[PDB]
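Q: Below you'll find the structure I mean.
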Amino acid sequence: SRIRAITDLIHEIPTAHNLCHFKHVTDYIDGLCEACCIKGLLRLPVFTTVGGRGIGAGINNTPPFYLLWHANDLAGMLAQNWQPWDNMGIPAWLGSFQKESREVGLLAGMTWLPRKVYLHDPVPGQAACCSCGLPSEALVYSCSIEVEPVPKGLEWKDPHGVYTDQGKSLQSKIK
DNA sequence: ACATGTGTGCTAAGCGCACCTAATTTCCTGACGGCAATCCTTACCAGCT
Ligand SMILES: [Mg+2]
């Protein structure tokens, strides 16, 4: 039911702010290709912010600092960050996840869904890029978003996250 | 910012100072006043176009 602009999914592109104009963008007008939409959906479970204290965040109240091991190789990247935990979880690429008991696991929190995304496609679409830069085919128009209120409790520690001693997520301190 | 306009015709050398001397005390300020805003929302709802 709730429909927002697809430009708010990719946080770098300005959205329907409280302004008559934006940084030379306009919602429901500028196209966006499949690749950037799809790699912008990967930023939902891990980099979702507060939407005015009534719209919920991700598995953390604020997007935490992420510390992580880098390597020259993709095999080296995957191998150097292999530290597992005994819990399994339920990742979102399965169907509806089972709530069950608390401490849901690791693959469940890696693929947590704070917001439903459905998307919609009109009678074909565009003919060239207008916001991405890579000239693609008929692009998408807008996205659909809703809010899942994350239930209270849910004791969960992030493998890459940086956590305060009081349990709140640690945000970057740049103003 | 010496020279130079001499025009009968304009010198010149020796010589130029040493020494004692300069002080203290204390005094020195309290108080009151010190800016607010606005540069992303628990967002729908009702005054009315
Ligand atoms: Mg692209």
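Residue numbering restarts at 1 in every chain; chains get A, B, ... in the order shown in the structure tokens, and ligands count up from 1 in that same order.
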Near chain A, meaning an atom within 12 Å, which residues of chain B appear when counting only C-alpha atoms (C1' of nucleotides)? Write them as an MDAnalysis selection string.

A: chainID B and resid 40:43

Q: Can I get the residues close to ligand 1 as a list in words, where close means within 12 Å and we count only C-alpha atoms (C1' of nucleotides) and all ligand atoms?

A: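 My answer, listing the contacting residues, is residues 10, 31, 32, 33, 34, 35, 36, 37, 38, 39, 40, 128, 129, 130, 131, 132, 133, 134, 135, 136, 137, 139 and 140 of chain A.
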
Q: Report, in Å with one decimal, the straight-line distance from CA of residue 107 (chain A) to CA of residue 81 (chain A).

A: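 Taking CA of residue 107 (chain A) as the start and CA of residue 81 (chain A) as the end point, the length is 14.4 Å.
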
Q: Smallest atom-to-atom distance to residue 106 (chain A): which of A:16, A:92, A:42, A:119, using only C-alpha atoms?

A: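 The shortest atom-to-atom distance to residue 106 (chain A) comes from A:92.
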
Q: Pick the closest to residue 104 (chain A) from A:49, A:142, A:74, A:59: which is it, counting only C-alpha atoms?

A: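 Closest to residue 104 (chain A) of all the choices is A:59.
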
Q: I need the residues of region 10-175 of chain A that end up classed as helix (DSSP H, G or I) by DSSP on the backbone, written out as an MDAnalysis selection string.

A: chainID A and resid 34:41 74:79 107:110

Q: Create the file for the chosen residues now, containing N, CA, C and O atoms and written as a compact mmCIF listing (two decimals), in the first residue's frame.

A:
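Ended up saving to selection_12.txt:
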# COMPACT_ATOMS: atom_id res chain seq x y z
N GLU A 34 18.98 -2.43 -13.17
CA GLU A 34 18.74 -3.59 -12.31
C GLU A 34 19.90 -3.85 -11.36
O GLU A 34 19.69 -4.22 -10.20
N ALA A 35 21.13 -3.64 -11.84
CA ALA A 35 22.31 -3.97 -11.04
C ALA A 35 22.38 -3.10 -9.79
O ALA A 35 22.59 -3.61 -8.68
N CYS A 36 22.17 -1.79 -9.94
CA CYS A 36 22.25 -0.90 -8.79
C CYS A 36 21.06 -1.04 -7.85
O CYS A 36 21.22 -0.90 -6.64
N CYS A 37 19.87 -1.35 -8.38
CA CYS A 37 18.76 -1.69 -7.50
C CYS A 37 19.10 -2.91 -6.66
O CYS A 37 18.82 -2.95 -5.45
N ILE A 38 19.70 -3.91 -7.29
CA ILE A 38 19.88 -5.17 -6.59
C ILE A 38 20.98 -5.03 -5.54
O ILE A 38 20.85 -5.51 -4.41
N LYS A 39 22.06 -4.31 -5.88
CA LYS A 39 23.10 -4.08 -4.87
C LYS A 39 22.74 -2.95 -3.91
O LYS A 39 23.51 -2.69 -2.98
N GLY A 40 21.62 -2.25 -4.14
CA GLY A 40 21.09 -1.37 -3.12
C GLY A 40 20.17 -2.09 -2.15
O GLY A 40 19.99 -1.63 -1.02
N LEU A 41 19.58 -3.21 -2.58
CA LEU A 41 18.83 -4.04 -1.65
C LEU A 41 19.74 -4.74 -0.63
O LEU A 41 19.27 -5.10 0.45
N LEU A 74 39.44 -12.20 -3.82
CA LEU A 74 38.08 -12.55 -3.41
C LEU A 74 38.07 -13.86 -2.62
O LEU A 74 37.35 -13.99 -1.63
N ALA A 75 38.87 -14.84 -3.07
CA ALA A 75 39.09 -16.03 -2.26
C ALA A 75 39.77 -15.68 -0.95
O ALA A 75 39.43 -16.23 0.11
N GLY A 76 40.73 -14.76 -0.99
CA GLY A 76 41.34 -14.28 0.23
C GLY A 76 40.39 -13.50 1.11
O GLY A 76 40.48 -13.56 2.34
N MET A 77 39.48 -12.74 0.49
CA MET A 77 38.47 -12.01 1.26
C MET A 77 37.53 -12.97 1.98
O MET A 77 37.21 -12.78 3.16
N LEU A 78 37.07 -14.00 1.27
CA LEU A 78 36.14 -14.95 1.87
C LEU A 78 36.83 -15.83 2.91
O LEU A 78 36.23 -16.17 3.94
N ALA A 79 38.09 -16.20 2.67
CA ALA A 79 38.78 -17.11 3.58
C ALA A 79 39.19 -16.41 4.87
O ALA A 79 39.15 -17.02 5.94
N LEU A 107 22.92 -16.43 10.08
CA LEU A 107 22.41 -16.24 8.72
C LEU A 107 21.05 -15.56 8.71
O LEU A 107 20.67 -14.99 7.68
N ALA A 108 20.31 -15.61 9.82
CA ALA A 108 19.08 -14.83 9.91
C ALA A 108 19.38 -13.34 10.05
O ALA A 108 18.74 -12.51 9.39
N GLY A 109 20.34 -12.99 10.91
CA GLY A 109 20.71 -11.60 11.08
C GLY A 109 21.55 -11.04 9.95
O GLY A 109 21.57 -9.82 9.75
N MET A 110 22.24 -11.90 9.20
CA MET A 110 22.97 -11.44 8.02
C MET A 110 22.01 -11.00 6.93
O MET A 110 22.31 -10.06 6.17

Q: Write out as a list in words the residues lying within 12 Å of residue 151 (chain A), counting only C-alpha atoms (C1' of nucleotides) and excluding same-chain residues fewer than 4 positions away.

A: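 So the residues in contact are residues 56, 57, 58, 59, 60, 61, 99, 101, 102, 114 and 155 of chain A.
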
Q: Would you mind exporting C-alpha atoms of the selected residues as an mmCIF file, in the first residue's frame?

A:
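Saved file out.cif follows:
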data_model
loop_
_atom_site.group_PDB
_atom_site.id
_atom_site.type_symbol
_atom_site.label_atom_id
_atom_site.label_comp_id
_atom_site.auth_asym_id
_atom_site.auth_seq_id
_atom_site.Cartn_x
_atom_site.Cartn_y
_atom_site.Cartn_z
ATOM 1 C CA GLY A 56 11.958 1.214 12.295
ATOM 2 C CA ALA A 57 15.616 0.487 11.651
ATOM 3 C CA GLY A 58 17.344 -2.790 10.808
ATOM 4 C CA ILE A 59 18.586 -5.417 13.258
ATOM 5 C CA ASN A 60 20.458 -2.573 14.985
ATOM 6 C CA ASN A 61 18.892 0.674 16.188
ATOM 7 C CA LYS A 99 10.398 -16.561 14.795
ATOM 8 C CA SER A 101 12.945 -18.423 20.279
ATOM 9 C CA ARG A 102 15.286 -15.462 20.676
ATOM 10 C CA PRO A 114 13.664 -4.349 8.174
ATOM 11 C CA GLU A 155 19.922 -10.750 21.806
#

Q: From the DSSP assignment of the backbone, select every residue of chain A that is strand (DSSP E), and format the answer as JSON, numbers by chain.

A: {"A": [3, 4, 115, 116, 117, 143, 144, 145, 146, 147]}

Q: Kindly save the residues from that selection, with N, CA, C and O atoms included, as a CSV table (one decimal), in the first residue's frame.

A:
chain,number,residue,atom,x,y,z
A,3,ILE,N,3.8,3.5,-0.9
A,3,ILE,CA,4.7,3.6,-2.1
A,3,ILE,C,5.6,4.8,-1.9
A,3,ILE,O,5.1,5.9,-1.7
A,4,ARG,N,6.9,4.6,-1.9
A,4,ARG,CA,7.9,5.6,-1.8
A,4,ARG,C,8.7,5.6,-3.1
A,4,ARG,O,8.5,4.7,-3.9
A,115,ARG,N,12.6,-3.8,6.0
A,115,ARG,CA,11.6,-3.3,5.1
A,115,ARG,C,11.3,-4.3,4.1
A,115,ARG,O,12.1,-4.9,3.4
A,116,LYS,N,10.0,-4.5,3.8
A,116,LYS,CA,9.5,-5.2,2.7
A,116,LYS,C,9.8,-4.4,1.4
A,116,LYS,O,9.6,-3.2,1.4
A,117,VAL,N,10.2,-5.1,0.4
A,117,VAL,CA,10.4,-4.5,-1.0
A,117,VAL,C,9.6,-5.3,-2.0
A,117,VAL,O,9.8,-6.5,-2.0
A,143,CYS,N,9.7,2.1,-6.3
A,143,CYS,CA,9.7,0.9,-5.4
A,143,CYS,C,8.6,1.0,-4.4
A,143,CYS,O,7.9,2.0,-4.3
A,144,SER,N,8.3,-0.1,-3.7
A,144,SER,CA,7.3,-0.3,-2.7
A,144,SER,C,8.0,-0.6,-1.4
A,144,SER,O,8.9,-1.5,-1.4
A,145,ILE,N,7.7,0.0,-0.3
A,145,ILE,CA,8.3,-0.2,1.0
A,145,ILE,C,7.3,-0.2,2.1
A,145,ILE,O,6.3,0.5,2.1
A,146,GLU,N,7.5,-1.0,3.1
A,146,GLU,CA,6.8,-1.1,4.3
A,146,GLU,C,7.7,-1.3,5.5
A,146,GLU,O,8.9,-1.6,5.3
A,147,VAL,N,7.2,-1.3,6.7
A,147,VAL,CA,8.1,-1.4,7.9
A,147,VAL,C,7.6,-2.6,8.7
A,147,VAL,O,6.5,-2.7,9.1

Q: What gap, in Å, lies between CA of residue 68 (chain A) and CA of residue 98 (chain A)?

A: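 These atoms are spaced 29.0 Å apart.
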
Q: Of the candidates A:6, A:122, A:96, A:153, which one gets nearest to residue 138 (chain A) if we count only C-alpha atoms?

A: A:122
